[PDB]
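K.L.:
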Amino acid sequence: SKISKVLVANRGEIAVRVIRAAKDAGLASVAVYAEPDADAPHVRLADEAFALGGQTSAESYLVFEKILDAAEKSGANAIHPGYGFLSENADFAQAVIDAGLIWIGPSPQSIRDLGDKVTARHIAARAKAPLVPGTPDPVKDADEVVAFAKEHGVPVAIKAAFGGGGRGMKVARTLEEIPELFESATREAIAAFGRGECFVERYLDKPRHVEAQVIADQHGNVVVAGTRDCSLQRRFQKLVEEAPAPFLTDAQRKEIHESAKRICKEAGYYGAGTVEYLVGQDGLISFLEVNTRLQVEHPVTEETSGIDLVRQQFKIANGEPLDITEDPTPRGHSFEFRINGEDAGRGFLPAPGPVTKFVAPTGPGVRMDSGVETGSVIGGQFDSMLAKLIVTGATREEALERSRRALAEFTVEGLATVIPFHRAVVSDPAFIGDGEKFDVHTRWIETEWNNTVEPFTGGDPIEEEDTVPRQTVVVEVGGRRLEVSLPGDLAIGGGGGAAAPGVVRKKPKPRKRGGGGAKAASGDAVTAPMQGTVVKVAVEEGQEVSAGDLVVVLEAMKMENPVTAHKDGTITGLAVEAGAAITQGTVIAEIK
Amino acid sequence: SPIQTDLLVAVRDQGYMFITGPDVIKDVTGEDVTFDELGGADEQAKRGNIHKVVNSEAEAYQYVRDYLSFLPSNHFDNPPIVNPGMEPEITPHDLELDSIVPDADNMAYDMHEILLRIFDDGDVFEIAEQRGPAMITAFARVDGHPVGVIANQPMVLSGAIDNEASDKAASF
Amino acid sequence: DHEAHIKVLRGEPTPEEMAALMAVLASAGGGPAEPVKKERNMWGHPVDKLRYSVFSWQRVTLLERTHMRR
Ligand SMILES: Nc1ncnc2c1ncn2[C@@H]1O[C@H](COP(=O)(O)OP(=O)(O)OP(=O)(O)O)[C@@H](O)[C@H]1O
Ligand SMILES: *C(=O)CCCC[C@@H]1SC[C@@H]2NC(=O)N[C@@H]21
Ligand SMILES: [Mg+2]
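Chains A, B and C are the protein sequences, given in the same order. Taking UniProt numbering, the leading residue of the first sequence gets 7, the next gets one more, and so forth. Taking UniProt numbering, the leading residue of the second sequence gets 174, the next gets one more, and so forth. Taking UniProt numbering, the leading residue of the third sequence gets 25, the next gets one more, and so forth.
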């Protein structure tokens with residue numbers, strides 16, 4: 007069968023991307039949106055749209071029945087999962103196939119095999135990919151970890167067999183931390199993924215993250231569209247990415263290409279995917295994992311190789327052989343910057359808010375993939391990304407120059423973003439390099455970057471002078487254009503004035519609690535500090551707790567925030583359960 | 174004399190108020206009672222005889238200055254106007270209010286999350302916080318002009334109006 | 025220093041141009057701009073021309089208050 011109508015089971019910039027690809031290919035597009043996304047750009051861009059209902063992802067986009075019912079009612083015959091959500095759920099892939107639909111992605115068996123990290127390591131070893139030393143099977147007890155660590159010398163890392171998103175890895179510097187770290191990792195894996203299994207391996211001191219884009223075919227063909235460098239990471243999640251991977255010897259580049267092809271063929275992988283490696287300061291390459299979906303970074307490879315990877319996914323799903331027979335030769339250099347709704351001046355903590363203004367750059371070598379526009383609203387439910395800015399040039403230096411220009415032009419108002427960090431990094435010498443190497447690494451941002459970004463405040467008046475009204479006027483002085491901001495109470499030339507009748511000005515007070523030393527201890531109520539979803543309740547009615555004890559965990563922007571008891575006493579009046587949406591100031595319980 | 178005044182601010186472990194002392198009470202009726210029970214700062218604040226309890230005399234003075242900054246000198250004169258004309262257009266703080274009330278009816282919430290957004294700034298100056306905790310009486314400013322605010326506090330006793338809440342609202 | 029100043033948000037004037045601009049603005053200044061010299065004169069005030077019912081609450085809230093505001 008051939009794709010005729012594609013249902014995009016996702017949201018935001020990726021949904022818009024798949025819709026545009028389907029439009030190019032001539033196919034019909036169905037979008038599925040939750041209530042918070044009732045007017046997102048993809049809903050209006052798609053040929054038709056269906057309302058899943060609900061507010062959280064766990065009840066709108068992560069429901070097989072809702073997505074499949076949308077497919078049935080829209081008449082769609084293919085389903086594209088984008089990335090995230092169900093794009094790597096083998097059970098969902100199998101359900102899609104069983105329903106008689108074309109699942110645009112790898113096979114369920116491939117998804118399971120390459121999601122099980124220990125099984126992935128077995129496949130890589132069988133394919134003879136370069137691997138960092140480590141226990142080939144999950145450990146039994148901290149004694150095994152200590153035996154490995156003593157044999158191989160610290161540093162070391164303990165990783166869950168099914169963890170992901172950067173949460174499933176813990177690090178040990180000294181042998182004393184091995185037992186406690188192992189216990190913590192085991193309990194965290196049990197709680198979060200169900201599979202309480204972990205292994206250990208050597209920890210690279212300052213690795214680079216280099217990955218290879220693979221176009222794989224149902225007929226057995228495999229092509230490597232090109233490499234990428236995503237060393238700039240925040241919390242083991244990428245922020246800035248490059249293509250092709252810079253400053254690699256031909257030996258390294260060839261090894262990455264060949265090992266990627268071998269791994270895909272061993273796994274039986276077909277469809278677009280990526281093989282992620284790590285390059286240590288010593289220069290050695292090590293296989294890290296295989297992403298079985300379209301990766302967020304694909305635009306840089308598209309720009310540098312001229313391949314439309316989403317349309318390649320469509321062709322592979324239709325079952326045709328690849329039209330590409332050899333690895334493309336990269337042309338130029340492309341950078342990609344994620345426009346997250348995160349404040350770099352506040353530890354990159356994401357926060358919702360309105361998009362009161364969104365003016366993307368244009369011009370030479372600039373591409374914008376945005377799921378946001380002026381007047382959009384970012385709620386607390388979904389990931390914090392707003393858009394992706396891709397800047398391409400004839401070489402790395404030209405790409406950096408164009409990136410400086412484009413980031414200077416890019417403007418967003420109403421909420422915080424990481425544009426100030428992008429603007430700083432694209433000129434930081436540690437990222438420019440010396441023509442043969444560069445100093446960044448997977449922990450460079452959080453431990454080496456000089457964070458000079460100020461906290462976001464918007465237009466809120468903070469100082470006494472901020473209260474005075476102002477008017478901006480264009481002036482010309484001998485032709486030169488100027489913009490002058492004039493206060494409403496200005497007095498110059500021995501005259502002028504305003505607000506005569508008993509007006510006083512003082513520092514405005516923040517829209518926060520009164521700042522009493524009790525730190526909310528003046529009351530018994532535990533209040534939700536932000537809008538979010540209760541994902542875990544750590545106490546029970548009548549439970550006695552002490553100050554600092556965990557009460558609940560609230561998920562906002564897909565990030566977890568613990569809410570803890572502020573005073574000793576008995577928990578009472580628990581009004582929340584797992585999965586309940588909660589607003590700021592909502593009473594969770596009372597410590598009476 | 175103090176009970177006739179409009180505001181009573183007491184230092185916590187230092188200011189007491191009572192008609193009769195515990196010794197005389199013991200002599201006449203035989204009851205045993207301490208000063209804290211018979212007219213400590215917090216006890217009187219909860220009963221409504223004291224509008225504010227502070228920890229120190231400097232805090233008392235600052236409370237008095239803040240309280241007077243919202244009021245005219247007398248019944249006839251105007252009050253001071255403070256920072257008129259801030260933020261004349263909808264702000265993200267205003268837009269946060271569209272989703273502040275819980276979805277479920279039985280859920281309680283902190284009314285300060287609304288009071289800190291519907292006036293000029295976070296300068297909501299509360300009076301008699303302890304008397305009726307289900308009711309909030311405070312001063313605020315709209316466009317620089319002082320206003321009194323009587324609000325329900327769902328976070329406390331479901332926001333029901335009890336005896337102390339009713340009297341606090343009436344007096345205010 | 026909490027004074028509200030003049031900001032040149034965009035542009036970079038040379039000292040001569042800044043001098044010219046500031047001179048023009050100071051000349052354009054509003055002069056005395058409602059000085060404090062205002063004196064009270066309640067003679068023939070409109071409130072005193074109104075008919076009030078012998079029991080009108082406006083005798084307190086309009087007439088008395090107008091005569092007493094300072
Ligand atoms: N052995 C190691 N030594 C040093 N750093 C490591 C090691 N393993 C992982 N890391 C760092 O931790 C990050 C974890 O990435 P990993 O691909 O394992 O997880 P993930 O992105 O959450 O997984 P998934 O894509 O399967 O959901 C790596 O990108 C790298 O930054
Ligand atoms: C909801 O927003 C779905 C997840 C969107 C982000 C996904 S998660 C997995 C990929 N890795 C990453 O950094 N972003 C992608
Ligand atoms: Mg990964």
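We put the CB at the ideal spot given by N, CA and C, even for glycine.
1) Just verifying my parser: in three-state terms, what is the DSSP assignment at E230/B?
2) Check whether the segment 540–560 of chain A and the segment 371–383 of chain A are in contact - that is, three or more C-beta pairs closer than 8 Å.
3) Along the segment 47–78 of chain C, what residues have a CB closer than 7 Å to any CB found in chain A?
4) Leaving out the 5 sequence neighbours to the left and right, which residues in its chain are closer than 6 Å to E203/A when beta-carbon positions are compared?
5) What are the residues in the segment 496–526 of chain A lying within 8 Å of chain B by C-beta distance?
6) According to the neighbour-count rule (16 or more other Cβ atoms, all chains shown, within 10 Å of its Cβ), is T368/A buried or exposed?
7) Assign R185/B to one of three DSSP states: helix, strand, or coil.
8) Could you round the C-beta distance between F416/A and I425/A to whole angstroms and report it? I think they count as a contact, below 8 Å.
9) List the residues of chain C whose Cβ lies closer than 7 Å to the Cβ of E471/A, in chain order.
10) When you compare the CB positions of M536/A and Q477/A, do they come within less than 8 Å of one another, or not?
11) Compute the minimum distance between the beta carbon of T448/A and the heavy atoms of ligand 1, and state whether it is under 7 Å.
12) Who are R314/B's beta bridge partners in DSSP?
13) Using Cβ-Cβ distances below 8 Å, what residues of the segment 446–472 of chain A are close to chain C?
14) For a minimum of 3 consecutive residues, which ranges assigned as the beta strand (DSSP E) are wholly contained in the segment 346–399 of chain A?
15) What are the boundary residues of the alpha helix (DSSP H) that includes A77/A?
16) DSSP three-state label for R486/A, please.
17) Contact check, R317/A vs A31/A under 8 Å by CB: the rounded distance?
18) Would you say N297/A touches ligand 5, meaning its beta carbon is less than 7 Å from a heavy atom?
19) Any beta carbon of chain A sitting closer than 8 Å to that of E286/B?
20) For the alpha helix (DSSP H) that residue 600/A lies in, which residues bound it at each end?
21) Report the CB separation of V182/B from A231/B in whole angstroms; it is logged as a contact under 8 Å.
22) Is the beta carbon of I262/A sitting closer than 8 Å to the one on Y275/A?
23) Determine the burial state of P358/A: buried for a count of at least 16 other Cβ atoms within 10 Å of its Cβ, exposed for fewer.
24) Among all the DSSP beta bridges, which residues are the ones paired with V228/A?
25) Please name the residue, chosen from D283/B, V237/B and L211/B, that lies closest to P327/B on a Cα-to-Cα basis.
26) Compile a chain-ordered list of the residues in the segment 228–260 of chain B whose CB is closer than 8 Å to at least one CB of chain C.
27) Under three-state DSSP, which class holds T478/A?
28) Looking at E337/B: is its Cβ nearer than 8 Å to the Cβ of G221/B?
29) Going along the segment 343–363 of chain A in order, which residues come within less than 8 Å of chain C, judged by CB to CB distance?
30) Is any beta-carbon of chain B found at less than 8 Å from that of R83/C?
31) Where do the ends of the beta strand (DSSP E) carrying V38/A lie?
32) Identify the residues that DSSP records as bridge partners of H86/A: which are they?
33) Does DSSP put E547/A in a helix, in a strand, or in coil?
34) Heavy atom of ligand 1 less than 7 Å from the Cβ of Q100/A, yes or no?
35) Can you find the residues in the same chain that come closer than 6 Å, C-beta to C-beta, to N95/A, ignoring five residues on each side of it along the sequence?
36) Cβ closer than 8 Å: which chain B residues qualify as neighbours of residue 6/A?
P.N.:
Reading from the atomic positions:
1) Under the three-state reduction of DSSP output, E230/B falls in the helix class.
2) Per the Cβ contact rule, the segment 540–560 of chain A is not in contact with the segment 371–383 of chain A (fewer than 3 Cβ pairs under 8 Å).
3) The residues in question are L49, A50, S51, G53, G54, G55, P56, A57 and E58.
4) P144 and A167
5) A505, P507, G508, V509, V510, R511, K512, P514, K515, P516, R517, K518, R519 and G520
6) Using a 10 angstroms sphere on the CB of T368/A, the tally of other CB atoms stays under 16, which defines it as exposed.
7) Here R185/B sits in coil by DSSP.
8) 6 Å
9) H26, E27 and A28
10) no
11) yes
12) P319/B
13) Those would be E469, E470 and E471, in chain order.
14) For the segment 346–399 of chain A, whole beta strand (DSSP E) runs of length 3 or above, ordered along the chain, are 363–365, 372–376 and 391–399.
15) Looking at the DSSP string, the run of the alpha helix (DSSP H) that includes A77/A is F70 to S80.
16) strand
17) 6 Å
18) Questions concerning ligand 5 fall outside what the structure shown contains, since the ligands it does hold are ligand 1, ligand 2 and ligand 3.
19) yes
20) Past the boundaries of the shown model lies residue 600/A; chain A is included only from 7 to 598, so the question cannot be answered.
21) Contact flag wrong, Cβ pair sits at about 12 Å.
22) Not in contact: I262/A and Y275/A (Cβ atoms no closer than 8 Å).
23) buried
24) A222/A
25) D283/B
26) Answer set for the segment 228–260 of chain B: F249, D250 and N251.
27) strand
28) yes
29) Sequence-ordered contacts of the segment 343–363 of chain A with chain C are nonexistent [C-beta pairs closer than 8 Å].
30) no
31) Counting along the chain, the beta strand (DSSP E) containing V38/A begins and ends at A34 to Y39.
32) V14/A
33) coil
34) no
35) none
36) What is shown of chain A runs 7 to 598, which leaves residue 6/A out entirely.
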